[PDB]
There are 2 protein chains.
Amino acid sequence: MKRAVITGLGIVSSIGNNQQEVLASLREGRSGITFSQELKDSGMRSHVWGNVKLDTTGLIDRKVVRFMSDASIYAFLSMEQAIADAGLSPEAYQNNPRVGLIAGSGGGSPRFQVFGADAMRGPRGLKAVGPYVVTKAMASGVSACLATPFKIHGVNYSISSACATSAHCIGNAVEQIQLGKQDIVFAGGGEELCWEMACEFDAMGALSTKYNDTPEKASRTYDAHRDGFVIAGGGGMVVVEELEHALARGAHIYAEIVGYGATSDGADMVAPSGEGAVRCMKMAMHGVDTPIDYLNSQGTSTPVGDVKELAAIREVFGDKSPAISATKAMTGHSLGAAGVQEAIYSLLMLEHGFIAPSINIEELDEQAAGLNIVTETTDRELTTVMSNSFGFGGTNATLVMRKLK
Amino acid sequence: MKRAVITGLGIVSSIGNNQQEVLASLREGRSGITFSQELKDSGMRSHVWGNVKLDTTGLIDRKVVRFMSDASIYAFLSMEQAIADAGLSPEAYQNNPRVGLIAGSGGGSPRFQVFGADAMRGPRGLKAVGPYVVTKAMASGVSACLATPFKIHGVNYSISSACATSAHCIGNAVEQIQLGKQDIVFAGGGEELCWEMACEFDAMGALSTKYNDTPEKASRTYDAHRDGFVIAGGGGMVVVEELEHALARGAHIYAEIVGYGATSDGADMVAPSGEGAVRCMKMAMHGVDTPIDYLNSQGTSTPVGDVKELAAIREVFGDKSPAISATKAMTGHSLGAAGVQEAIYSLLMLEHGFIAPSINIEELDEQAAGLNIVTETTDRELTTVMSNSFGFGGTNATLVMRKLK
Ligand SMILES: [N+]
Ligand SMILES: [N+]
């Protein structure tokens with residue numbers, strides 16, 4: 001069947017506002033985590049986050065940004081970058097039935113959802129709400145807010161699966177290409193950063209709370225003293241294109257998506273089973289005869305989550321343990337945006353031939369001994385890489401990408 | 001490729017808590033719209049809705065329902081119904097890598113989103129929020145809350161696309177079967193009914209407000225005096241299964257999904273373009289050598305909305321227009337659940353050989369001139385039906401189902 005490759009990428013993350021800034025942060029093991037006065041004032045125990053260091057005001061047409069929440073803004077900016085990076089002129093992707101968009105978020109917009117309710121209960125009622133809350137608060141906000149302005153005529157919808165959200169978006173994009181239904185599918189996601197949603201995770205005990213005085217050390221995947229993830233926001237978008245189409249226009253190809261796994265744990269609600277993850281990685285490796293040179297793990301930085309994934313990786317590769325690093329130690333967990341941003345970090349490592357370090361590991365977890373966890377930036381010729389996205393609700397996605405000759 | 005058929009269904013709507021009750025309401029053109037004190041007390045202009053008349057108290061185990069929002073509850077109950085109706089037992093669908101679940105909601109759970117914010121802002125903070133808000137508030141709540149209890153091991157995620165949400169879910173399930181990845185995929189969705197979310201649509205001027213005195217007449221699709229849709233809640237689930245697998249176990253086959261259309265308008269944020277709908281319908285009809293006997297249109301019952309679809313239908317068929325009926329006139333708009341529920345209504349009509357009436361039409365709009373709009377329950381031998389789902393963001397989905405030879 002049809003082959004799918006990545007020909008462009010765009011990103012707005014806690015460690016950079018474009019792929020160049022991100023590249024630098026990755027090589028330097030630079031943290032994007034900072035202290036959040038907003039989270040502290042909300043009454044939360046976790047006072048750190050991976051915020052986007054950019055004032056988006058005026059970066060998007062007023063008539064367009066009026067319908068958007070932060071998730072949409074981040075994804076929109078990421079898509080602009082992706083389009084330019086892919087070298088696509090407007091005439092090349094706009095008003096084209098074979099060009100689509102699949103992008104979502106983990107929670108839509110709790111901020112505007114609460115805003116509407118707060119305004120409605122106020123002295124002005126509906127007048128305070130406004131006619132833009134729906135497009136900001138709906139779960140499909142990210143796809144709706146981008147498909148319209150970019151004149152997308154092909155597939156258009158959002159996929160939601162918590163931490164696996166944008167990973168499933170990319171995989172679904174691949175499926176469209178494989179089915180011969182689309183030539184190009186923009187895939188990715190975005191996530192707003194707000195106490196409204198963050199407090200829900202803190203109320204679960206899923207967020208780090210013992211390192212508020214040293215924010216850059218809070219996210220410490222695989223460290224013996226990890227205590228939860230650090231919430232983050234941002235966006236990302238990649239251009240998934242059918243091979244012949246990309247080659248025909250002389251597109252720059254980062255890699256071919258040679259594997260996509262999507263499975264379900266069917267066990268616990270908010271706790272990885274590990275078993276589902278093993279099946280997910282094996283599914284993504286079907287037909288892939290080249291070894292995995294680097295694995296960008298889910299690596300949430302949670303006590304139980306980290307160990308479950310470690311076990312799954314051991315079961316899948318056994319003696320074939322590849323280089324492993326959890327970029328979340330640097331970036332925080334962007335939820336709905338994580339899958340696409342992490343695929344992008346993996347693509348940058350593959351393109352520039354280096355492995356980003358898994359930082360803040362002062363004491364490697366006992367259940368990690370024997371694995372090749374990279375803790376220092378290492379230059380190496382990579383050919384095949386894997387990125388795992390295992391999210392709450394027992395939903396799993398794995399992407400395997402490989403360089404073309 | 002592989003063929004996909006529906007072997008079971010389940011539904012919880014404003015006009016029936018199961019397919020039997022729904023079937024009864026459809027034949028008599030009964031309305032599920034009622035006066036809502038909740039919507040009035042909130043300060044909204046629209047005081048009518050399509051509530052689910054059912055006491056779900058104790059219908060779901062404690063340990064399971066504690067993670068669910070109303071959208072998940074309705075979806076869960078619909079899935080139980082679907083499993084039984086399909087003749088499936090745990091040994092056949094549980095812990096099975098080839099059985100998946102694709103279901104979502106349009107807005108997740110505004111109610112628990114606001115609940116978490118309200119509780120957090122209280123003196124108790126995190127303690128008042130509780131550790132169950134995430135699974136209720138997240139956009140993937142519907143898929144996560146069902147996949148776990150039903151021990152689903154295959155694909156697991158939610159698709160969101162406003163009014164087309166559950167229609168795209170069914171289409172994606174078909175794709176999984178065509179790709180040979182799954183033998184069975186439960187597809188559908190759910191939507192809660194609350195002022196929290198309802199006020200967003202009212203502030204947008206999309207909800208009917210000139211009939212709060214005569215609820216059962218508020219929703220009046222294709223009527224010259226329409227003034228917005230009536231918000232509704234509920235759930236739906238269908239069992240999508242690979243043909244040979246279904247025949248092998250002697251399952252009851254309602255129909256085969258012979259067409260699935262998915263397009264994008266890339267024009268306006270909250271207004272159909274028509275151009276996109278036309279392409280969507282043609283996409284679903286492509287390859288279908290059999291004519292469409294019945295069409296369950298979007299029929300939102302909005303001034304511009306209704307006009308656009310009719311024009312699109314006229315453009316697709318023209319002089320050869322099939323029987324058309326807007327079930328939302330009696331059921332309302334269940335948003336994320338509308339796609340699967342309307343697919344089910346179309347299946348019941350196809351299964352029992354009859355056409356549901358388009359109630360509340362005193363004066364047919366001039367736009368529906370050369371079209372066959374059924375306003376009375378008519379008995380006919382249907383073979384091929386079509387269901388259109390066009391939501392905000394310019395996202396379109398069309399399903400074509402036909403009896404099996
Ligand atoms: N990852
Ligand atoms: N429909």
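What you see below is based on every heavy atom in this structure, not just the backbone, and it leaves out hydrogens, waters and symmetry mates. Sequence lines set the chain letters: A, B, ... in the order given, protein chains first and strands last, and positions in each chain run from 1.
With no hydrogens or angles considered, a side-chain donor-acceptor pair links A:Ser161 and A:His168 at under 3.5 Å. No hydrogens or angles considered: nothing links the side chains of A:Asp265 and B:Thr148 as a donor-acceptor pair under 3.5 Å. Side chains of B:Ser158 and A:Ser160: no donor on one and acceptor on the other come within 3.5 Å. Side-chain polar atoms of B:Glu196 and B:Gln113 form no donor-acceptor pair below 3.5 angstrom. A side-chain donor-acceptor contact under 3.5 Å links A:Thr327 and A:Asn296. Remark: the B:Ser36 side chain and the B:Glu38 side chain contain no N/O donor-acceptor pair separated by less than 3.5 Å. Side-chain contact of A:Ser334 with A:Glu191: a donor-acceptor pair under 3.5 Å is absent, judged by distance alone. Remark: the A:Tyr222 side chain and the A:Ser297 side chain contain an N/O donor-acceptor pair separated by less than 3.5 Å.
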Point to revise | Working for side chain to side chain contact (heavy atoms under 4.5 Å, CB included), residues A:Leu146 and A:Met68 | key: CA-CA 9 Å; A:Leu146 276 55; A:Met68 315 174 107; 3.8 Å; yes
Practice item. Might you work through the side chain to side chain contact (heavy atoms under 4.5 Å, CB included) test for A:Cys163 and A:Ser389, ending with a clear yes or no? Key: CA-CA 6 Å; A:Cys163 328; A:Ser389 300; 5.8 Å; no
Practice item. Applying side chain to side chain contact (heavy atoms under 4.5 Å, CB included), run through B:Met120 and A:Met44 and close with a yes or a no. Key: CA-CA 9 Å; B:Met120 189 61 206; A:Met44 284 172 57; 4.1 Å; yes
Practice item. Please test A:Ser273 against A:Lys308 for side chain to side chain contact (heavy atoms under 4.5 Å, CB included), starting from the C-alpha separation and ending with a verdict. Key: CA-CA 7 Å; A:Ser273 71; A:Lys308 288 291 171 56; over 6 Å; no
Practice item. Go through the steps for B:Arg121 and A:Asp118 under the test salt bridge (charged side-chain N to carboxylate O under 4.0 Å, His left out), then give the verdict. Key: CA-CA 12 Å; B:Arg121 287 178 293 188; A:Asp118 287 354; 2.7 Å; yes
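Residues A:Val134 and B:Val270 have side chains not in contact (no heavy-atom distance under 4.5 Å, counting atoms from C-beta outward). Using a 4.5 Å heavy-atom cutoff, the side chains of B:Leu207 and B:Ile231 are in contact. Residues A:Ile359 and A:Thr221 fail the side-chain proximity criterion, which asks for heavy atoms closer than 4.5 Å. In this structure, the side chains of A:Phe390 and A:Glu309 come closer than 4.5 Å at one or more pairs of heavy atoms. Taking the side chain as every heavy atom from C-beta outward, A:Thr209 and A:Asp227 approach each other to under 4.5 Å. Put simply, the side chain of A:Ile11 reaches to within 4.5 Å of the side chain of A:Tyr345, judged on heavy atoms. Counting heavy atoms from C-beta outward, B:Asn212 and B:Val48 have side chains that approach closer than 4.5 Å. Between A:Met138 and B:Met197 the shortest side-chain heavy-atom distance does not fall below 4.5 Å.
A distance-only check finds no donor-acceptor pair linking the side chain of B:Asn51 to the backbone of B:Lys53 [under 3.5 Å]. Panel note: side chain A:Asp365, backbone A:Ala224; no donor-acceptor pair is recorded below 3.5 Å. Put simply, the side chain of A:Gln341 never gets that close to the backbone of A:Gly234: no donor and acceptor are under 3.5 Å apart. Side-chain N or O atoms of A:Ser14 include one that pairs as donor or acceptor with a backbone N or O of A:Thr331 at under 3.5 Å. Proximity of a side-chain donor or acceptor of A:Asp223 to a complementary backbone N or O of A:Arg220 within less than 3.5 Å is not detected. For the pair B:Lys40 (side chain) and B:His47 (backbone), a donor-acceptor distance under 3.5 Å is absent. With hydrogens and angles disregarded, no donor-acceptor distance shorter than 3.5 Å links the side chain of A:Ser25 to the backbone of A:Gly16. No donor-acceptor pair under 3.5 Å is formed between the side chain of A:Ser42 and the backbone N or O of A:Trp195. Between the side chain of A:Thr395 and the main chain of B:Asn156, a donor-acceptor pair closer than 3.5 Å is present.
Salt bridge present: A:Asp202 and A:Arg45 bring a charged side-chain N and a carboxylate O closer than 4.0 Å. For the pair B:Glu192 and B:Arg111, the salt-bridge criterion is not met [side-chain N within less than 4.0 Å of a carboxylate O]. Salt bridge present: A:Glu342 and A:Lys328 bring a charged side-chain N and a carboxylate O closer than 4.0 Å.
For CD of A:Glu366, the number of neighbouring non-hydrogen atoms (other residues, nucleotides, ligands) closer than 6.0 Å is 12 at most. Heavy-atom neighbours of B:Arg124 CZ from other residues, nucleotides or ligands within 6.0 Å: at or below the threshold of 12. For CG of B:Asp41, the number of neighbouring non-hydrogen atoms (other residues, nucleotides, ligands) closer than 6.0 Å is greater than 12. The environment of NZ in A:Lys217 is sparse: at most 12 heavy-atom neighbours from other residues, nucleotides or ligands sit within 6.0 Å.
Taking the ring axis of A:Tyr211 as reference, the NZ or CZ atom of A:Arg226 does not stay both within 45° of it and closer than 6.0 Å to the ring centre.
Annotation: B:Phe112 is not in aromatic contact with B:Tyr132 [ring centroid separation under 6.0 Å not met].
Judged as a salt bridge (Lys or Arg N to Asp or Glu O under 4.0 Å), and not counting sequence neighbours, the contacts of A:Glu275 are A:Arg279. Checked against salt bridge (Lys or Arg N to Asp or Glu O under 4.0 Å), A:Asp70 has no partners two or more places apart in sequence or in another chain.
Residue A:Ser109 holds its OG atom at 10.5 Å from CZ of A:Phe115, rounded to the nearest 0.5 Å.
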